[PDB]
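Since the structure comes first, as structure tokens, the remarks are kept for the end.
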Amino acid sequence: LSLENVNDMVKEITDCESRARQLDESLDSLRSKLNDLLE
Amino acid sequence: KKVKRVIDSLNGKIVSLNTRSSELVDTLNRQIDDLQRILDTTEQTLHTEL
Amino acid sequence: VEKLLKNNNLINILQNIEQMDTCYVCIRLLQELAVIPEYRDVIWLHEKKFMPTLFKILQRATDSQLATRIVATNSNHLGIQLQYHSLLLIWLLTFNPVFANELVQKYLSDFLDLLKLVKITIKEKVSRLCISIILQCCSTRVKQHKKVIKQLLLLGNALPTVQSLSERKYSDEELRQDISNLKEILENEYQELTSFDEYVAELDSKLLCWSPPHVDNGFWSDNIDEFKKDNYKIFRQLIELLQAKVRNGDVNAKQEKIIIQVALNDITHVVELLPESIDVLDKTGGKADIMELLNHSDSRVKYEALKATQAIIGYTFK
Amino acid sequence: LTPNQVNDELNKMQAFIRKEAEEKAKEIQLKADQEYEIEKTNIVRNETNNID
């Protein structure tokens with residue numbers, strides 16, 4: 001791979017890791033709020 | 001207020017009702033399903049992303 | 001020079017992309033002429049004839065791979081020169097302040113293409129030129145330089161793309177200089193607008209877009225306090241606007257789609273900071289809107305919507 | 001590989017080296033022509049306003 005072909009795929013690693021982390025952290029902290037009402 | 005400092009110390013969550021055992025259940029089931037639908041939205045988005 | 005530009009036979013010879021030999025020389029003939037100051041003015045007059053073709057040469061480079069040694073516009077020695085010469089011709093008209101403002105405003109769509117080249121190339125001949133031209137147009141001396149940056153940045157998403165490019169750097173000093181200088185200028189101009197002017201200005205026009213300082217955690221914390229004079233009247237304006245657009249004119253309709261994703265983000269930040277904003281969502285009816293977006297088509301609608309609901313929920317019951 | 005082939009490789013490499021250096025040096029002096037004019041224009045305008 002060239003340096004640009006790594007530099008634009010590390011961008012789509014980071015841009016997807018950010019949205020996956022925020023969507024997982026907005027899901028487990030919501031499951032906890034669900035269990036706080038089921039309890 | 002000292003029993004509550006025993007309960008809240010070791011992470012016990014007191015549920016005071018003081019109105020009815022049939023009026024809070026409706027307002028709480030109106031939140032269980034309303035938040036379960038947000039689970040079913042965000043987890044569908046998660047499995048779409050994966 | 002002025003006459004030759006207007007005349008057909010020569011201009012046609014640049015227009016041909018079916019014979020590489022004529023087109024290569026021609027772009028260089030003109031470009032050698034652009035180097036001399038007086039000629040820039042005359043050349044600019046005839047601009048909407050050769051200029052789309054010079055972009056077309058970069059466009060073909062982008063859209064084709066850089067591993068071909070067969071004579072083209074790629075990796076090949078010819079290719080490296082061919083992009084270079086087209087880029088020097090642009091760079092030459094962009095040095096005049098007036099010409100630079102006009103260029104961004106006419107060629108806007110094509111102007112963004114420059115970000116694409118900086119990236120795909122390994123070649124420093126191409127990369128340096130592309131970054132320099134953008135710098136030239138964002139400069140202080142360019143008339144209504146605030147607008148050109150604002151439009152590139154907001155619509156065309158210049159700032160995220162520049163940041164990413166900053167990592168890749170190669171030889172020749174002026175190149176490292178031009179990137180660093182660009183990064184700084186883009187960042188400064190957007191930010192210096194008030195946070196309250198920014199939000200309100202979007203709210204009136206009924207055109208909402210993301211930009212990085214807009215979604216910043218600091219921007220929101222100062223702005224919470226401001227909205228209050230009616231039980232958070234700005235926030236309420238936002239809720240009402242969002243409410244209207246889902247119902248009226250649908251959702252997942254191109255125009256209507258932009259405003260939504262921005263609104264659902266913008267409210268998420270507010271909601272989290274202070275929990276007195278929870279009441280305005282329940283009051284207006286806007287709370288109901290958020291729930292319907294969860295199942296509405298597109299990744300962004302459901303995503304933004306899930307993040308908006310989950311925040312409201314957290315303060316309702318911890 | 002052999003002395004004809006390594007020299008053929010040499011000829012190609014210095015051709016690219018030299019060419020690139022010529023282009024790089026050309027862009028620095030081409031920006032130099034320009035920067036001389038813009039700067040001269042500004043300096044001259046400020047003073048002509050004081051003179052006027």
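Starting from region C:292-318, keep only residues that are under 15 Å from B:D34 (Cα atoms) and at the interface with another protein chain (Cβ under 9 Å from one of its Cβ atoms), then list their pairs with residues that are acidic (D, E) and crowded, with 17+ Cβ neighbours inside 10 Å whose Cβ atoms are within a distance under 8 Å, requiring at least 6 positions of separation or different chains.
C:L293/C:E304
Any residue at all in region C:279-294 that is crowded, with 16+ Cβ neighbours inside 10 Å and farther than 22 Å from B:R30 by Cβ?
no
In region A:1-19, which residues are within 11 Å of chain C (Cβ to nearest Cβ) and over 24 Å from C:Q65 (Cβ atoms)?
A:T14, A:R19
Which of the residues that make up region C:293-318 are charged (D, E, K, R) and under 20 Å from A:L34 (Cβ atoms)?
Answer for region C:293-318, where residues must be charged (D, E, K, R) and under 20 Å from A:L34 (Cβ atoms): C:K302, C:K307, C:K318.
When you go through B:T27, B:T19 one by one, which is the residue that is over 20 Å from A:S29 (Cα atoms), exposed (fewer than 10 other Cβ atoms within 10 Å of the Cβ) and within 11 Å of another protein chain (Cβ to nearest Cβ)?
B:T27
Look at region C:138-171 and say how many of its residues are in contact with a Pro (Cβ under 8 Å, 6 or more places away or on another chain) and either within 13 Å of chain A (Cβ to nearest Cβ) or closer than 30 Å to A:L1 by Cβ (or both).
The qualifying residues number 2.
Being touching a residue at least 24 places away in the same chain (Cβ under 8 Å) and outside any helix (DSSP H, G or I) is the requirement here; does C:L242 meet it?
no
Among the residues of region C:167-179, write down those that are over 20 Å from D:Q29 (Cα atoms) and touching a residue at least 12 places away in the same chain (Cβ under 8 Å). Explain how you work it out, then say what you get.
Here is the first cut: in region C:167-179, the ones over 20 Å from D:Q29 (Cα atoms) are C:167-169.
The one that is over 20 Å from D:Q29 (Cα atoms) and touching a residue at least 12 places away in the same chain (Cβ under 8 Å): C:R168.
Among the residues of region D:13-52, which ones are acidic (D, E), under 17 Å from C:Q81 (Cβ atoms) and either more than 18 Å from the chain's Cα centre (by Cα) or surrounded by 11 or more Cβ atoms within 10 Å (Cβ to Cβ) (or both)? Explain how you work it out, then say what you get.
Of the residues in region D:13-52, the ones acidic (D, E) are D:20, D:22-23, D:27, D:33, D:35, D:37, D:39, D:47, D:52.
Those left that are additionally under 17 Å from C:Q81 (Cβ atoms): D:20, D:22-23, D:27.
Result: D:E20, D:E23, D:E27.
C:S75 versus (1) crowded, with 17+ Cβ neighbours inside 10 Å; (2) within 13 Å of chain D (Cβ to nearest Cβ); (3) closer than 18 Å to C:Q19 by Cα; (4) of a type outside the set (D, E, K, R): which is the lone unmet condition?
(3)
Considering each of C:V98, C:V42, C:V25 in turn, give the residue that is surrounded by fewer than 20 Cβ atoms within 10 Å (Cβ to Cβ), without any contact (Cβ under 8 Å) to a residue 12 or more places away in the chain and either under 18 Å from C:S132 (Cα atoms) or not charged (D, E, K, R) (or both).
C:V25
Going by the structure shown, is C:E2 among the acidic types (D, E), in contact (Cβ under 8 Å) with a residue 24 or more places away in the chain and surrounded by 15 or more Cβ atoms within 10 Å (Cβ to Cβ)?
Taking the combined requirement at face value, the residue does not satisfy it.
Note that each Cβ is placed from the backbone with ideal geometry, even for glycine, and that neighbours are counted across all protein chains shown. Each reported figure results from applying straightforward, stated rules to the coordinates on display, with no laboratory input.
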